[PDB]
>>> print(open('data_21.cif').read())   # mmCIF, C-alpha atoms
data_work
#
loop_
_atom_site.label_atom_id
_atom_site.label_comp_id
_atom_site.auth_asym_id
_atom_site.auth_seq_id
_atom_site.Cartn_x
_atom_site.Cartn_y
_atom_site.Cartn_z
CA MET A 1 222.94 70.58 85.00
CA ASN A 2 220.23 71.41 87.50
CA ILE A 3 216.69 70.30 88.41
CA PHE A 4 215.12 72.66 85.93
CA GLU A 5 217.16 71.46 82.96
CA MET A 6 216.67 67.94 84.05
CA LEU A 7 212.93 68.25 84.08
CA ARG A 8 212.81 70.24 80.94
CA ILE A 9 214.51 67.30 79.23
CA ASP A 10 212.06 64.72 80.63
CA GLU A 11 208.83 66.61 80.18
CA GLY A 12 209.33 68.78 77.15
CA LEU A 13 207.59 72.17 76.57
CA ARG A 14 204.19 72.54 74.89
CA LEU A 15 202.25 75.78 74.61
CA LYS A 16 198.89 74.24 73.68
CA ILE A 17 196.83 71.68 75.89
CA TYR A 18 198.07 68.23 75.29
CA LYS A 19 197.57 64.74 76.54
CA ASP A 20 200.30 63.29 78.64
CA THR A 21 201.49 59.67 78.52
CA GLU A 22 198.49 58.61 80.67
CA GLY A 23 196.02 60.51 78.56
CA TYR A 24 195.65 63.46 80.88
CA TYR A 25 195.24 67.07 79.95
CA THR A 26 198.60 68.87 80.48
CA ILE A 27 200.22 72.12 79.30
CA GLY A 28 203.77 73.64 79.45
CA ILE A 29 206.46 71.71 81.19
CA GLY A 30 204.50 68.70 82.49
CA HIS A 31 201.89 70.81 84.29
CA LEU A 32 198.90 68.44 84.83
CA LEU A 33 195.66 70.30 84.48
CA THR A 34 193.00 67.72 85.20
CA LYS A 35 192.48 63.93 85.15
CA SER A 36 188.97 64.64 83.80
CA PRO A 37 188.10 63.62 80.27
CA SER A 38 186.69 66.97 79.48
CA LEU A 39 188.82 69.31 77.33
CA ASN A 40 186.47 71.77 78.69
CA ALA A 41 187.22 71.01 82.29
CA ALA A 42 190.86 71.41 81.12
CA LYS A 43 190.51 74.79 79.63
CA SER A 44 188.76 75.94 82.74
CA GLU A 45 191.53 74.73 84.97
CA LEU A 46 193.93 76.35 82.65
CA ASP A 47 192.41 79.85 82.89
CA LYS A 48 192.16 79.54 86.64
CA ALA A 49 195.81 78.62 86.76
CA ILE A 50 196.96 81.49 84.55
CA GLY A 51 194.53 84.11 85.52
CA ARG A 52 193.42 84.91 81.96
CA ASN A 53 191.22 83.56 79.20
CA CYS A 54 193.68 81.35 77.52
CA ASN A 55 191.57 79.45 75.21
CA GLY A 56 194.00 76.42 75.47
CA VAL A 57 197.12 78.30 74.73
CA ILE A 58 199.81 79.96 76.85
CA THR A 59 203.10 81.81 76.31
CA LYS A 60 206.62 80.64 77.11
CA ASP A 61 206.64 82.95 80.09
CA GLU A 62 203.39 81.39 81.50
CA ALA A 63 204.83 77.95 80.98
CA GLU A 64 207.94 78.84 82.91
CA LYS A 65 206.02 80.48 85.65
CA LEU A 66 203.99 77.36 86.18
CA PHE A 67 207.21 75.36 86.09
CA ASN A 68 208.76 77.45 88.85
CA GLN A 69 205.67 76.92 90.96
CA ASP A 70 205.58 73.21 90.44
CA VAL A 71 209.22 72.60 91.22
CA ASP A 72 208.88 74.75 94.32
CA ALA A 73 205.82 72.85 95.40
CA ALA A 74 207.58 69.48 94.75
CA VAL A 75 210.52 70.47 96.99
CA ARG A 76 208.24 71.81 99.85
CA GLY A 77 206.17 68.74 99.59
CA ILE A 78 209.15 66.48 100.09
CA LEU A 79 210.27 68.61 103.03
CA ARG A 80 206.88 68.30 104.69
CA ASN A 81 206.41 64.68 104.12
CA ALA A 82 207.41 62.40 106.92
CA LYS A 83 208.44 59.61 104.68
CA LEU A 84 210.30 61.59 102.10
CA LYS A 85 212.08 64.20 104.12
CA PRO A 86 214.54 61.83 105.85
CA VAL A 87 215.41 60.26 102.52
CA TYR A 88 216.05 63.65 100.95
CA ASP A 89 218.11 64.80 103.91
CA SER A 90 220.25 61.76 103.62
CA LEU A 91 221.06 62.20 99.95
CA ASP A 92 223.85 64.07 98.04
CA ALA A 93 222.80 66.95 95.69
CA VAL A 94 222.48 64.96 92.45
CA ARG A 95 220.44 62.21 93.99
CA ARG A 96 218.31 64.87 95.62
CA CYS A 97 217.40 65.99 92.03
CA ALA A 98 216.35 62.44 91.22
CA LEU A 99 213.82 62.27 94.04
CA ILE A 100 212.55 65.65 93.07
CA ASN A 101 212.01 64.39 89.51
CA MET A 102 210.00 61.38 90.76
CA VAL A 103 207.80 63.65 92.96
CA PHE A 104 207.11 66.06 90.19
CA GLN A 105 206.00 63.18 87.97
CA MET A 106 204.11 60.95 90.29
CA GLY A 107 203.19 63.20 93.27
CA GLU A 108 204.32 62.75 96.95
CA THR A 109 201.87 60.05 97.53
CA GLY A 110 203.03 57.99 94.73
CA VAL A 111 206.70 58.15 95.63
CA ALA A 112 205.99 57.63 99.30
CA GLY A 113 204.53 54.26 98.21
CA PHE A 114 207.96 53.11 97.09
CA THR A 115 208.69 51.95 100.66
CA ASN A 116 211.42 49.51 100.01
CA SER A 117 213.33 51.57 97.43
CA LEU A 118 213.19 54.54 99.83
CA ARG A 119 214.74 52.38 102.51
CA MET A 120 217.54 51.24 100.20
CA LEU A 121 218.30 54.75 99.08
CA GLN A 122 218.48 55.80 102.67
CA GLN A 123 220.86 53.05 103.29
CA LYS A 124 222.97 54.10 100.26
CA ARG A 125 222.54 50.72 98.56
CA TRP A 126 222.53 52.18 95.06
CA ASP A 127 222.59 49.00 93.03
CA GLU A 128 219.92 47.31 95.00
CA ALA A 129 217.69 50.21 94.94
CA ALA A 130 218.04 50.66 91.10
CA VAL A 131 216.84 47.15 90.63
CA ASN A 132 213.92 47.58 93.02
CA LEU A 133 212.80 50.83 91.50
CA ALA A 134 212.61 49.06 88.01
CA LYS A 135 209.93 46.73 89.40
CA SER A 136 207.16 49.26 89.08
CA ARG A 137 204.37 50.27 86.81
CA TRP A 138 206.33 53.56 86.60
CA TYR A 139 209.31 51.80 84.92
CA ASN A 140 207.09 49.70 82.65
CA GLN A 141 205.09 52.62 81.38
CA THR A 142 207.85 55.30 80.86
CA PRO A 143 210.89 53.22 80.65
CA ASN A 144 213.39 55.66 79.10
CA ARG A 145 212.57 58.43 81.57
CA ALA A 146 212.49 55.83 84.43
CA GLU A 147 215.99 54.59 83.34
CA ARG A 148 217.38 58.07 83.28
CA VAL A 149 216.20 58.68 86.89
CA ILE A 150 217.28 55.32 88.05
CA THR A 151 220.75 55.90 86.54
CA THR A 152 220.93 59.18 88.42
CA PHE A 153 220.21 57.32 91.73
CA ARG A 154 222.59 54.57 90.77
CA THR A 155 225.58 56.67 89.99
CA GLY A 156 225.15 59.97 91.60
CA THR A 157 226.13 61.70 88.36
CA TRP A 158 224.29 63.47 85.46
CA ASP A 159 225.52 60.95 82.97
CA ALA A 160 222.06 59.82 81.80
CA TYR A 161 221.25 63.33 80.85
CA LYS A 162 224.59 64.38 79.29
CA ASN A 163 223.71 62.81 76.17
CA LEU A 164 220.37 64.69 75.79
#
>>> encode(input="data_21.cif", output="structure tokens")
Amino acid sequence: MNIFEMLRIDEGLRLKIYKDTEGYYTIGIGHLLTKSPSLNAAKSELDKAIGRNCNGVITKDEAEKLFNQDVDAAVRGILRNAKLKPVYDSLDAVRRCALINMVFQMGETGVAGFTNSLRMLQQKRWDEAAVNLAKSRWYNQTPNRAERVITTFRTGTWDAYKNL
């Protein structure tokens, strides 16, 4: 399994604008378009992003392009962030995927706010960190996805996704 398959499992694929778990306008593989209430602001962001008049709909190819961009941007963001980079550098490959997943979902800023959990991961205290990560709005709101990620940090294996 790899980061792309992992994220494809967690986010799904939709070719028409949709509302995400928080009510925001999204398309493709978890590509947030806008936090604005306007479907119209959404369609505008969409066309800008694709470079064509999409009228709310995109192809598989467009969805995957956006996905490539987003994953790339997530990685670079981690690498550039002073709080995240040292955590990432300290982790094994599987756990690295787990932090990427969190950043793709909640942005750099959000994950960088998980101060204590970051510290524990750095320290390789898997169990303790799993329990701290669960004490978050993140876990309460998207618990099955949160558990899958948490399990990945906990064990260092793809078990939570081998099912799926």
>>> closest_residue(input="data_21.cif", among="A:120, A:112, A:1, A:63", to="residue A:90", atoms="all atoms listed in the file")
A:120
>>> closest_residue(input="data_21.cif", among="A:129, A:121, A:49, A:111", to="residue A:89", atoms="only C-alpha atoms")
A:121
>>> closest_atom_pairs(input="data_21.cif", of="stretch 12-93 of chain A", to="stretch 136-143 of chain A", cutoff="12 Å", atoms="only C-alpha atoms", output="CSV")
residue,atom,partner,partner_atom,distance
A:20,CA,A:142,CA,11.2
A:21,CA,A:142,CA,8.1
A:22,CA,A:141,CA,8.9
>>> atom_distance(input="data_21.cif", atom1="atom CA of residue A:127", atom2="atom CA of residue A:155")
8.8 Å
>>> atom_distance(input="data_21.cif", atom1="atom CA of residue A:95", atom2="atom CA of residue A:78")
13.5 Å
>>> atom_distance(input="data_21.cif", atom1="atom CA of residue A:76", atom2="atom CA of residue A:59")
26.1 Å
>>> closest_residue(input="data_21.cif", among="A:30, A:124, A:3, A:103", to="residue A:153", atoms="all atoms listed in the file")
A:124
>>> closest_residue(input="data_21.cif", among="A:68, A:53, A:123, A:40", to="residue A:28", atoms="all atoms listed in the file")
A:68
>>> closest_residue(input="data_21.cif", among="A:46, A:54, A:7, A:149", to="residue A:74", atoms="only C-alpha atoms")
A:7
>>> resolve_selection(input="data_21.cif", expression="the PyMOL selection byres ((chain A and resi 130) around 9)", output="short mmCIF file (atom, residue, chain, number, x, y, z; two decimals) with C-alpha atoms, keeping the file's coordinate frame")
data_model
loop_
_atom_site.label_atom_id
_atom_site.label_comp_id
_atom_site.auth_asym_id
_atom_site.auth_seq_id
_atom_site.Cartn_x
_atom_site.Cartn_y
_atom_site.Cartn_z
CA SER A 117 213.33 51.57 97.43
CA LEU A 121 218.30 54.75 99.08
CA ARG A 125 222.54 50.72 98.56
CA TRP A 126 222.53 52.18 95.06
CA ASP A 127 222.59 49.00 93.03
CA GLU A 128 219.92 47.31 95.00
CA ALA A 129 217.69 50.21 94.94
CA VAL A 131 216.84 47.15 90.63
CA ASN A 132 213.92 47.58 93.02
CA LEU A 133 212.80 50.83 91.50
CA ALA A 134 212.61 49.06 88.01
CA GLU A 147 215.99 54.59 83.34
CA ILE A 150 217.28 55.32 88.05
CA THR A 151 220.75 55.90 86.54
CA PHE A 153 220.21 57.32 91.73
CA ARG A 154 222.59 54.57 90.77
#
>>> resolve_selection(input="data_21.cif", expression="the PyMOL selection byres ((chain A and resi 33) around 9)", output="NGL selection string")
:A and (17 or 24-27 or 31-32 or 34-36 or 41-43 or 45-46 or 49)
>>> resolve_selection(input="data_21.cif", expression="the PyMOL selection byres ((chain A and resi 83) around 12)", output="PyMOL selection string")
chain A and resi 77-82+84-89+108-119+122
>>> write_last_selection(input="data_21.cif", atoms="C-alpha atoms", output="PDB file, keeping the file's coordinate frame")
ATOM      1  CA  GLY A  77     206.170  68.740  99.590  1.00  0.00           C
ATOM      2  CA  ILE A  78     209.150  66.480 100.090  1.00  0.00           C
ATOM      3  CA  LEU A  79     210.270  68.610 103.030  1.00  0.00           C
ATOM      4  CA  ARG A  80     206.880  68.300 104.690  1.00  0.00           C
ATOM      5  CA  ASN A  81     206.410  64.680 104.120  1.00  0.00           C
ATOM      6  CA  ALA A  82     207.410  62.400 106.920  1.00  0.00           C
ATOM      7  CA  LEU A  84     210.300  61.590 102.100  1.00  0.00           C
ATOM      8  CA  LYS A  85     212.080  64.200 104.120  1.00  0.00           C
ATOM      9  CA  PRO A  86     214.540  61.830 105.850  1.00  0.00           C
ATOM     10  CA  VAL A  87     215.410  60.260 102.520  1.00  0.00           C
ATOM     11  CA  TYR A  88     216.050  63.650 100.950  1.00  0.00           C
ATOM     12  CA  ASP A  89     218.110  64.800 103.910  1.00  0.00           C
ATOM     13  CA  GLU A 108     204.320  62.750  96.950  1.00  0.00           C
ATOM     14  CA  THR A 109     201.870  60.050  97.530  1.00  0.00           C
ATOM     15  CA  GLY A 110     203.030  57.990  94.730  1.00  0.00           C
ATOM     16  CA  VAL A 111     206.700  58.150  95.630  1.00  0.00           C
ATOM     17  CA  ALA A 112     205.990  57.630  99.300  1.00  0.00           C
ATOM     18  CA  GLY A 113     204.530  54.260  98.210  1.00  0.00           C
ATOM     19  CA  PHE A 114     207.960  53.110  97.090  1.00  0.00           C
ATOM     20  CA  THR A 115     208.690  51.950 100.660  1.00  0.00           C
ATOM     21  CA  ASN A 116     211.420  49.510 100.010  1.00  0.00           C
ATOM     22  CA  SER A 117     213.330  51.570  97.430  1.00  0.00           C
ATOM     23  CA  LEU A 118     213.190  54.540  99.830  1.00  0.00           C
ATOM     24  CA  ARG A 119     214.740  52.380 102.510  1.00  0.00           C
ATOM     25  CA  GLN A 122     218.480  55.800 102.670  1.00  0.00           C
TER      26      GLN A 122
END
>>> residues_around(input="data_21.cif", residues="residue A:57", least_positions_apart="2", cutoff="6 Å", atoms="all atoms listed in the file", output="PDB file with C-alpha atoms, keeping the file's coordinate frame")
ATOM      1  CA  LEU A  15     202.250  75.780  74.610  1.00  0.00           C
ATOM      2  CA  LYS A  16     198.890  74.240  73.680  1.00  0.00           C
ATOM      3  CA  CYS A  54     193.680  81.350  77.520  1.00  0.00           C
ATOM      4  CA  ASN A  55     191.570  79.450  75.210  1.00  0.00           C
TER       5      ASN A  55
END
>>> axis_aligned_box(input="data_21.cif", around="stretch 48-65 of chain A", padding_each_side="8 Å", output="JSON")
{"center_x": 199.6, "center_y": 80.7, "center_z": 80.7, "size_x": 32.7, "size_y": 24.5, "size_z": 28.0}
>>> residues_near_point(input="data_21.cif", point="(211.1, 69.4, 77.5)", cutoff="10 Å", atoms="all atoms listed in the file", output="PyMOL selection string")
chain A and resi 4-14+28-30
